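K.L.:
From the sequence below, what's the structure:
(10 chains)
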Amino acid sequence: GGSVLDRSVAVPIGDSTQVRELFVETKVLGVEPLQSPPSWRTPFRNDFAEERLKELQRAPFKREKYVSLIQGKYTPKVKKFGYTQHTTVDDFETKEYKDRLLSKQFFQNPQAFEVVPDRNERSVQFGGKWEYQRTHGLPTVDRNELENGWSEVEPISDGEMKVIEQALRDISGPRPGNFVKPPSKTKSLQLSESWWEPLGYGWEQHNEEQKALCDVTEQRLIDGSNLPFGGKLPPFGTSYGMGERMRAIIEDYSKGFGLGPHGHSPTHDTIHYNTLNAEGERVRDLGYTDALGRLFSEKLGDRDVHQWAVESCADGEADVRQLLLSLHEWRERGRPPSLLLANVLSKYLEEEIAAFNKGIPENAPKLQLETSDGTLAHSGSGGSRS
Amino acid sequence: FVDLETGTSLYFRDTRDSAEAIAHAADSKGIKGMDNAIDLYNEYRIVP
Amino acid sequence: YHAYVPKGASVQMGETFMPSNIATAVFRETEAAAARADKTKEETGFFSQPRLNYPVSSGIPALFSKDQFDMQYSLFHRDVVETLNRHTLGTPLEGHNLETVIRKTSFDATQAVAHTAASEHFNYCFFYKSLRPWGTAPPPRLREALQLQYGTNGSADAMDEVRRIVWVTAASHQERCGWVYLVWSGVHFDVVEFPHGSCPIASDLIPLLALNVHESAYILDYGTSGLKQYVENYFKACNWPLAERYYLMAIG
Amino acid sequence: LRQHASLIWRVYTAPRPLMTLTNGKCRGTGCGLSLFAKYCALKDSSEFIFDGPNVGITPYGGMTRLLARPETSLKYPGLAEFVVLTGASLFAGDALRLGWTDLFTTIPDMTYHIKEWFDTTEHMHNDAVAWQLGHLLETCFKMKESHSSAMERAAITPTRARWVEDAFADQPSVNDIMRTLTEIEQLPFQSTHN
Amino acid sequence: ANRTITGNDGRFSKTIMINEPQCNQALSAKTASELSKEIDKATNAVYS
Amino acid sequence: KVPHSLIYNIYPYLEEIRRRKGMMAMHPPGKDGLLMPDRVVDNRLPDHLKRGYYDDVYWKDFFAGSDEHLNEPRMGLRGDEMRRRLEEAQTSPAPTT
Amino acid sequence: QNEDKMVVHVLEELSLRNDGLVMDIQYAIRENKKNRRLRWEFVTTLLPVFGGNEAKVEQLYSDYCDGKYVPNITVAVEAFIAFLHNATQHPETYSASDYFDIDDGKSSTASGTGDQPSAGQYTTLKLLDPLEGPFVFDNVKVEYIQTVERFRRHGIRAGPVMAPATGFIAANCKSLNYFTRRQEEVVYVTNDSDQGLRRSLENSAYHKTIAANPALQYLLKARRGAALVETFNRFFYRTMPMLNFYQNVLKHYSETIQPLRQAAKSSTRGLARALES
Amino acid sequence: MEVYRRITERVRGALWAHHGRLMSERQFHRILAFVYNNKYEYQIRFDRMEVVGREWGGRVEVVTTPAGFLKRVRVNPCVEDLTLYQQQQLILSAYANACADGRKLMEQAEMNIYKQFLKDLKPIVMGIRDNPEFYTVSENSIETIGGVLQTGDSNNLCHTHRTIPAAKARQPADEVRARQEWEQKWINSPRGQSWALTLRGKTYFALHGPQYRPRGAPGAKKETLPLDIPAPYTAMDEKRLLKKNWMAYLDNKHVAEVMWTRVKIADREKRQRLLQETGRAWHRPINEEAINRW
Amino acid sequence: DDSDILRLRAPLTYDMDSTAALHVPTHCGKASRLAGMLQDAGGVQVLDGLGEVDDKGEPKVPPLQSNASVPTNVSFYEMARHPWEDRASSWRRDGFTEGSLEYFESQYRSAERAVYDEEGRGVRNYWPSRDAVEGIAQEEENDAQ
Amino acid sequence: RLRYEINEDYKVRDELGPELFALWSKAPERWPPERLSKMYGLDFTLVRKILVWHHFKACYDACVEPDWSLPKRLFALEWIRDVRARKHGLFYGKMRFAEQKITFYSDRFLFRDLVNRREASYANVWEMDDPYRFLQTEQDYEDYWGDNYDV
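P.N.:
Numbers count the residues shown, from 1 in each chain, chains lettered A, B, ... in the order given. Pasting the structure now:
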């Protein structure tokens, strides 16, 4: 029950001798008025003999396997949210509510309850032309059960609230790839529209990636000479509107958002970002070359990476597939190595690390392979892990 | 107006006094009423 | 809040208790910093400090400590820039770029006060430009180009030869005050020892790498005898692709 | 008294943006009306004088809360006691230091310029009006440039702030304050603390 | 009614001026009530 | 001045002002609705752990051919799945090379 | 030896073998080191019994945190008795952080043990709340908090409320830490086989003071014969969860190392054959 | 309302930024509507009850509702001897005390509402943060075309956290089913039958006993596992919008981006105000090298 | 005298100075409408000795008490659950029909068991044969028959 | 030809299923149109049209007589306005913009009603949101209930 207005119905207990031989001790508290049990607690107002009979009759069918009339039907059929036929919860649908609804439905459309329906037209109404004022609406349950009769909500502690607030302030953090979407990331735009397919917006970067990463044996090369515009945006006065529309859509899709290094929106009225390709020349003069990566590459040389892996890991000391995956993810992609790779590189590259850290001044940062921390990202290690 | 970053501070200007914002003593937390988005679909159309 | 917090102070996301005395002290320090910033904003000149691409909240990895690099960046370079502005504002050199300033002030005894400041400005700018925080591997094209001259019938011999000869010519500068420039004169690579107040562009060269052999550069971490270790650290934390691209642009 | 309190509260809780352009000396109720508005602009002529006790009454207006803010007691310890007792006047620069108002304008006849700007603007959506107000504040009230820390009108210069923190701070008695003042009286001109 | 509160209204901006130079801009009970009424009328105006 | 024919637009505003009485006017006593990211969290995992992370709750090889989700797009794929992509990419320029 | 393994060796081998488990263990260790409640509880419990300098106490705390120290069962029972003696005299400091479930006299039941537990005395020892207790990942922290709150409110004696059996070094042994190949060195305090808790507290010099307290007699009765044992386990799990954590880590490593070795060997042999072909 | 709208906008912006998913506007407004209806039902319950304010000892008594509707006023005859203004002020003060009591009760109930709303919003945040592809960067880190650099800023003090275990297949559904197994084991334990016969077991079965509720009774008929909706693995509205029409997809993307930018600006300004209150930030911009040098 | 300061700091009472307490927001709100609200209520009820206390201490004409308390069973999220499932979440999960889902899962499990282990040895294979990949499931034919 | 439509956020496919249908069907008194309209983010007329459509769809699904007076109760102000417009201008139909009076009020004209709305207090919430608060005089009652003859 779990409610103030969810008391049971009166039940019989035996005579004085029966109660004396049954109870061992009874404590009497203050006197309170008698409240009638709710409709669902009332037995004769909640009997469902007919419904139970129907469901028991239909139960033996539920022992077999589900089949589809159409041979080969595999994908399920979705049921939409909120539709009347898909609702199963019954907040206050007791037997009295069910029979009231049945009576209303029968007096509305008596033909719907016939195995073979007859013609159904509209006749006169005994309540004038505004009988809907007295016949409209679904059956109504009592307001006392609507208001006072409800399950007691579990008191939410402050600890879980603090946890949820911590989760909110964690998700409030920024993702680096939003202020300036990389040109590689700005190719995921494809449209179901017909006009979008013939012309390729990201063919340049696409073929660049294909010829930089994928081997010549299997790669996608697209030549823009065959494109309707030649692979380049047409002049302003010679586009027929297609060039303007495409340019607007591309700019809208490629615009950034969030907060940058200066803490302002990328399109802020006063200040700007990346003036005269300042960030471009910074990236040109910095690059992405890991010290550990270059040391590992120069020590390995040109010999086989798989040979290095099989010689580095013993017969049963470390796995080969995991090691190869970690090495590929660390070298080809810009990701920090796992602790397995860190230990392997510490054991195999100790001379290079010693050479790098032999003459290090005390205060200057060093290159160490430690995993006392539970995280792999170099942000927590200050970029000294790798 | 939303593209230009300027002007967004007025929505959260109530954060000037953190103690007051936590207390919620004043109901005028909105730019044009009780809350910022009190009515964004009917109020702005009053101007011809 | 970036425009409001001073340059020296940092923003800490974490929250910790602060005693009232230290909170008042930090407020007074912030007020003094604001007053100092207002004072310095009106004495600014034509030439200003270059922006550092790499973070220096910690010392440069494998090469410098935080305090030593902060000294080298915010004391000697700042004084050089101030002197350059002071001695160029009055003179007709005002309103002209650093390149033409250096070119027209070179080999001028009377204007040597401005010439040395401009040369040191360019040298410090190039030294900051040519320092990868964790170091770069030499590119194959540049190593092949250097194998022609410095390499002597050995694999990877050119890089070792260059690292040896740069230290040799740095130790050959007994004055302990100057620069060592790996440059391309137009016909071949060469290492040149530039005394204090001498500039590669003033000498009509194309610089590739710059090394600071000032005593103050290594006085703290390396002392007066750690010149060899300082050179080794510089080469282990150098930046080769910049020299590669400059040489390629020189070639055409 | 009730009408003045109600006026102060209404100015404080006015829903649509209200900007008090404080140009002149303010008593207790005036400063309560000005500072507690949603938008408060301070010109060079701004003057916040509580001056309660000298008239024989406690200061009234609500400025005591601003004086007793933990931010104020942290930045300038003893300033609240000094102001409430001596009845000193806080200026536009002092309010800017204490962070009460973020708007400081030196443009003459700002009201006419505001009227012209809001006559030129034509829209009523919340984002549009927010952008217009923000642009006005940034280009006329926010002290982005052409403002020096020496050129602001202030009376809590750091030496005076240290004086206040040494003569009023953490002194929970008027008798103790008087004793401290008397002790400071006999400081010779040669004393380093003097 | 006493010509102590004055108002100038543009298309969108409303300026309210207190004019009590004889009493050094001191507000009485009635003057304060009228000023509060004018403030909460101008702030609650549609085009304000 | 406001036209007579447009002041019906203010009716929702007035209705909400009148219906803000009582519980609707209440605010969370202690939370202002703004939360700052004090700490930085990361959930990135190495590829070997990514392959087997979702064996039980989700199907096996949950990260099968996802280019953005996996460092190696083809990791954990089967022969047919790899062959479809490679055959398409190689038979598109069949007579070219 | 491979068979006789220290926890450091176990962690360094698991680092090469399976990254996820060792990474999770290290993250939990770091979180426990960051936590301040655990250090306060540890020092408060081990000051009166050890009777040593705070520097030595802190060093021993760090050793236990990183797993190179496990207190003996003798010092453990002495610590429990000393903690009871210290708590029964001045409760303010102990009532500030340590909690005893205060019985309500209003509740009554038709049972002798129920009437005794309802007399208003101590009935159970309250564990640390999940906010500052042992480390749990935030993805399940909220539902863990909800479950433990519901269990403690409804009196369910199951789940996280129950304290797992803790291990301590036997009196005969002299090693200060667990080992994979060593099992008799760690002995659990069971209700049927007690290691002398009652025999120690009876001859303890504070037995009279402890018995004088009108709240602890319900626990000291041992109506089921396990009240003292269960409160002992609850107290030591509340103070040093790292012992049970390391015991679970050792058990998991011992039970799972061999299949990992077999899989690694098979994969290495397959790759080697493919390379040599 | 205001705070709930801010929270929902922040949730939508974070969901779009981190995982590139789009939440329907109907789904966005449904949460706010649920919060509004919850407050409406709380007001329905509160208007039934009554609050008493007292002024001048017990001379003036005011009987109202927590919302502040005047119902009864009782006044000692001696008060009528006072002038009209004093009587009005006394009645106003008593009504103010009644309003204060109503405000206390309403703010407690509204804190309950806020906790319920956070509990309801928990699955979305947990699904957008508890997936193996989710990470943030420190705000004081320089962002460039390629990636984010990392300033020192006491990197030893700085520690990156992880909210997901590397152990395979750890989920709230697993936690909840473990809880259910534990409670069933406790029930089946020998002490379980005695505890169930005890009043505590009766209360537990009455409250957390949904499977025992008769058909036609309000409340759930079963205890179900919590929502598992991870953002990077579940398509919400973006695919449908893109398949239907591109303009709506672009408009919703723009709305999500603007909301994310707005909440980021709000966080930045709150941090700025905290710095200014602490004393580490000046009242006017003094360091233009962090703004104009880009 | 410090007694005067103590009495000043003492809370405002009508006995001491015959001045009612001030509540600024309610004075801004209902001051001009207090008479209207009182008239709507029905006027002030005058009861003799409402606040006076008997010499024995019993407060004759006892004051009324407030019956208000924070509601404990509302939980509107629980009142408005999902249509089919009883979860109280606000999310609009578009579910699928149970029978179709069961058939879908059964057929998927059959397909996976046929593809990854066609030999039945119970070991997953990443190079399935063409026949085992493109073979139509015989369970579908058996079900149709 | 009929591919793209305005207002893609609120699709009729989603609108076919009434919002909280059973919850407000159990009790129509506890659910004034404001509660249901809080679900949507459109203009007042649009959300009221959506509510009317949802109620009619629910009634048709349940096979009961729909409340034909529900649109009247939702547009009670509009119905009175149309009745009085037809009374003033000798016409029958729905008033449009071109036949509306031209008057210019001050931008602060609403203050008199705004203070009443802001300082109004109610015992319960049903008294606050009763659907007949728009009717004050017998003329208003006649203009409202002149449609049906039974009342």
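K.L.:
Confirm residue C:207 sits in a helix?
P.N.:
No: Residue C:207: not assigned to a helix; according to DSSP: H, G, I helix; E, B strand; the rest coil it is strand.
K.L.:
which non-adjacent residue is nearest it?
P.N.:
The shortest distance from residue C:207 to any non-neighbouring residue, by Cβ to Cβ, 6 or more residues apart in numbering or on different chains, is to residue C:200 (4.4 Å). The way it works is simple: take the backbone N, C-alpha and C, and place the C-beta from them, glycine included.
K.L.:
Start from the N-terminal end of chain D and give the helices.
P.N.:
D:2-12, D:28-35, D:63-67, D:70-75, D:79-86, D:92-98, D:110-120, D:126-136, D:158-167, D:174-185 (DSSP state H).
K.L.:
quick one, which of those helices is nearest to chain A?
P.N.:
Of all the helices of chain D, the one in closest proximity to chain A, counting by Cβ to the nearest Cβ, is helix D:126-136 (7.3 Å).
K.L.:
any idea how far the one residue in chain I that gets nearest to chain E lies from chain D?
P.N.:
Residue of chain I nearest chain E, by Cβ to the nearest Cβ: residue I:28 (7.9 Å). To chain D, residue I:28 is 5 Å away according to Cβ to the nearest Cβ, to the nearest Å.
K.L.:
again, but for residue J:20
P.N.:
Using Cβ to the nearest Cβ, residue J:20 is found at 29 Å from chain D.
K.L.:
Might you report the residue contacts of the residue nearest to that residue when sequence neighbours are not counted?
P.N.:
Among residues not flanking residue J:20 along the chain, residue I:80 sits closest, at 5.5 Å (Cβ to Cβ, 6+ apart). Contact analysis of residue I:80 by Cβ atoms under 8 Å, 6 or more residues apart in numbering or on different chains lists H:34, H:37, I:88, J:20, J:23.
K.L.:
Pick the one among the residues you listed closest to residue B:27.
P.N.:
For the contacts of residue I:80, the closest approach to residue B:27 (Cβ to Cβ) belongs to residue H:37, at 20.5 Å.
K.L.:
State the helix or strand in which the closest one lies.
P.N.:
Taking DSSP states H and E as the criterion, residue H:37 maps to helix H:25-48.
K.L.:
what number of residues lie near residue A:197?
P.N.:
Per other Cβ atoms under 10 Å in any protein chain shown, the neighbour tally for residue A:197 reads 10.
K.L.:
should've said residue E:28
P.N.:
Neighbourhood size, residue E:28 [other Cβ under 10 Å]: 14.
K.L.:
wait, the residue of chain I closest to chain E sits on residue D:8?
P.N.:
No: with contact defined as Cβ atoms under 8 Å, residue I:28 does not count as touching residue D:8 (9.5 Å).
K.L.:
longest helix in chain F, by residue count?
P.N.:
helix F:79-91.
K.L.:
Please list the residues of chain E that sit near chain F.
P.N.:
Contact residues (Cβ under 8 Å from any Cβ of the partner chain) of chain E with chain F: E:46-47.
K.L.:
need the contact list for the residue of chain E most remote from its centre.
P.N.:
Most distant residue from the mean C-alpha position of chain E: residue E:11, 17.6 Å away (Cα atoms, centre = their mean). By Cβ under 8 Å, 6+ apart, residue E:11 lies in contact with D:118-119, E:47.
K.L.:
before we move on, the earlier item: would you convert the helices of chain D into a markdown table that also reports distance to chain I and mean neighbour count?
P.N.:
Converted to a markdown table, the helices of chain D look like this (distance: least, Cβ to the nearest Cβ, whole Å; neighbours: other Cβ atoms under 10 Å in any protein chain shown):
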| stretch | distance to chain I | mean neighbour count |
| --- | --- | --- |
| helix D:2-12 | 4 | 22 |
| helix D:28-35 | 11 | 25 |
| helix D:63-67 | 12 | 21 |
| helix D:70-75 | 20 | 19 |
| helix D:79-86 | 15 | 20 |
| helix D:92-98 | 23 | 23 |
| helix D:110-120 | 27 | 16 |
| helix D:126-136 | 25 | 21 |
| helix D:158-167 | 22 | 15 |
| helix D:174-185 | 10 | 11 |
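K.L.:
Please report the distance of the residue nearest to residue J:20 from chain D.
P.N.:
Distance from residue I:80 to chain D, counting by Cβ to the nearest Cβ: 30 Å.
K.L.:
same deal with residue I:116?
P.N.:
Taken as Cβ to the nearest Cβ, the span from residue I:116 to chain D is 55 Å.
K.L.:
Who are the contact partners of that residue?
P.N.:
I:124-125, I:128.
K.L.:
By neighbours, which of those wins?
P.N.:
With neighbours defined as other Cβ under 10 Å, the most crowded of the contacts of residue I:116 is residue I:128; it has 18 neighbours.
K.L.:
hmm, back to that, of the contacts of residue E:11, closest to residue A:295?
P.N.:
Distances from residue A:295 to the contacts of residue E:11, taken by Cβ to Cβ, are shortest for residue D:118, at 64.8 Å.
K.L.:
Could you give the number of residues near the closest residue to the closest one other than its chain neighbours?
P.N.:
Excluding its sequence neighbours, the residue lying closest to residue D:118 (Cβ to Cβ, 6+ apart) is residue E:13, at 3.7 Å. The tally of other residues near residue E:13 (other Cβ under 10 Å) stands at 20.
K.L.:
Compare the helices of chain D and report which one is nearest to residue H:53.
P.N.:
Residue H:53 lies closest, by Cβ to Cβ, to one member of the helices of chain D: helix D:2-12, at 18.5 Å.
K.L.:
what about that closest one and chain B, touching?
P.N.:
Yes: against chain B, helix D:2-12 shows contacts by Cβ under 8 Å from any Cβ at residue D:12.
K.L.:
Give me the contacts around that helix.
P.N.:
Under the criterion Cβ under 8 Å, 6+ apart, residues B:26, D:18, D:20, D:29, D:32-33, D:36-38, D:61-62, E:27, E:29-30, E:32-33, E:35-36, E:39-40, H:89, I:22, I:24-25, I:27-28, I:31 lie in contact with helix D:2-12.
K.L.:
any chance of the contacts of residue I:80 in JSON lines, plus neighbour count and distance to residue A:52?
P.N.:
Shown next, in JSON lines, are the contacts of residue I:80 (neighbours: other Cβ atoms under 10 Å in any protein chain shown; distance: Cβ to Cβ, whole Å):
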{"residue": "H:34", "neighbour count": "22", "distance to residue A:52": "35"}
{"residue": "H:37", "neighbour count": "23", "distance to residue A:52": "35"}
{"residue": "I:88", "neighbour count": "20", "distance to residue A:52": "28"}
{"residue": "J:20", "neighbour count": "19", "distance to residue A:52": "29"}
{"residue": "J:23", "neighbour count": "21", "distance to residue A:52": "27"}
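K.L.:
now, which of the residues you listed sits nearest residue G:16?
P.N.:
Closest approach to residue G:16 among the contacts of residue I:80 (Cβ to Cβ): residue I:88, at 47.1 Å.
K.L.:
how close does the closest one sit to chain A?
P.N.:
Taken as Cβ to the nearest Cβ, the span from residue I:88 to chain A is 10 Å.
K.L.:
how many neighbours does whichever residue of chain D sits closest to chain J have?
P.N.:
Here the residue of chain D nearest chain J is residue D:15; by Cβ to the nearest Cβ that distance is 9.9 Å. Close neighbours of residue D:15, defined as other Cβ under 10 Å, add up to 23.
K.L.:
Please look at it and residue E:48 and confirm they touch.
P.N.:
No: between residue D:15 and residue E:48 there is no contact under Cβ under 8 Å: 9.8 Å.
K.L.:
quick one: contacts for the closest residue to chain E within chain C?
P.N.:
Taking Cβ to the nearest Cβ, chain E has its nearest neighbour within chain C at residue C:3, 28.6 Å off. The contact partners of residue C:3, taken as Cβ under 8 Å, 6+ apart, are H:285-288, H:290-291.
K.L.:
Many thanks, have a good one.
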